[PDB]
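Chains as they are written, first to last, in the working numbering: chain F, 256 to 371; chain G, 60 to 128. Notes to accompany the following structure.
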Amino acid sequence: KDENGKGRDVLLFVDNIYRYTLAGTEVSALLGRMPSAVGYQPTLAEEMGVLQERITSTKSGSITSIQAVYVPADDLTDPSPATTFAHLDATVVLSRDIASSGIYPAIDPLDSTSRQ
Amino acid sequence: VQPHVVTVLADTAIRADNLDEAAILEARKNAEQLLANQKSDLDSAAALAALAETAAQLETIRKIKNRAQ
């Protein structure tokens with residue numbers, strides 16, 4: 256709680272959330288778990304969500320979440336990017352070719368959206 | 060005419076005996092007409108069609124290039 260008021264806003268910045276899923280992957284087999292549809296762990300969604308839902312802003316305080324997400328093999332539809340995807344209001348994806356075309360920033364005008 | 064060369068600049072002439080041979084000039088006329096029909100009947104039919112189907116459905120391929128699943 257702010258001194259005589261509700262808490263100041265929250266500035267949150269995360270780098271490479273995908274690395275979390277990769278770290279889980281590193282051992283997922285060693286837990287004796289069978290592989291999921293791909294080498295990923297079948298638990299994937301649960302540990303993703305428990306992470307994601309700890310980021311919402313409440314009546315008390317507001318949290319501004321910024322997440323850079325690595326894309327494996329530029330496959331937007333790998334399980335991890337797709338599954339992550341449904342937890343954001345603003346979508347921002349970069350296109351390798353456009354950067355190869357020299358433009359900065361290389362933000363796709365098409366895919367990137369915002370619920371606002 | 061010259062004392063050694065004579066010629067006619069023909070508005071329209073045909074090696075013929077009489078205007079009855081008009082039944083003959085129209086033969087080449089409609090022949091070239093048929094050819095004029097043919098050039099279109101192939102050109103659009105060959106070019107426009109095949110080239111139309113070429114680029115048609117290519118997109119769904121170019122979008123699924125790096126598919127791992």
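Don't be surprised by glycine CBs; every beta carbon is placed ideally from N, CA and C.
(message) Since residue 128 of chain G and residue 293 of chain F should fall inside the 8 Å C-beta cutoff, what is the C-beta to C-beta distance between them, to a whole number of angstroms?
(response) 7 Å
(request) Mind checking which residues open and close the beta strand (DSSP E) that includes residue 322 of chain F? (result) 318–323
(request) Check whether the Cβ of residue 98 of chain G lies closer than 8 Å to any heavy atom of the ligand PLP, and answer yes or no. (result) You won't find the ligand PLP in this model; it holds no ligand whatsoever.
(message) Under 8 Å: do the stretch 324–334 of chain F and the stretch 282–302 of chain F share three or more Cβ pairs, one atom per stretch?
(response) yes
(message) Please report the distance separating the alpha-carbon of residue 302 of chain F from that of residue 281 of chain F.
(response) 14 Å
(message) For residue 318 of chain F and residue 267 of chain F, I'd like the C-alpha separation in whole angstroms.
(response) 7 Å
(request) Could you name the residues of the stretch 313–333 of chain F whose beta carbon sits closer than 7 Å to any beta carbon of chain G, in the order they occur along the chain? (result) 328, 329, 330 and 333
(message) Report the CB separation of residue 351 of chain F from residue 366 of chain F in whole angstroms; it is logged as a contact under 8 Å.
(response) Actually they are not in contact, since the Cβ atoms of residue 351 of chain F and residue 366 of chain F sit about 13 Å apart, beyond 8 Å.
(request) Check residue 68 of chain G in the structure and name its three-state DSSP category. (result) coil
(message) If I follow the unbroken alpha helix (DSSP H) through residue 347 of chain F, where does it start and stop?
(response) Looking at the DSSP string, residue 347 of chain F is not in any alpha helix (DSSP H), and its letter there is neither H nor E.
(message) So, for residue 368 of chain F: in the same chain, excluding its five sequence neighbours on each side, which residues have a beta-carbon less than 6 Å away from its beta-carbon?
(response) 346
(request) Taking residue 125 of chain G as the query, report the chain F residues whose CB atoms sit under 8 Å from its CB, ordered along the chain. (result) 328, 329 and 330
(message) Given this structure, state the Cα-to-Cα distance separating residue 348 of chain F from residue 99 of chain G, to the nearest angstrom.
(response) 48 Å
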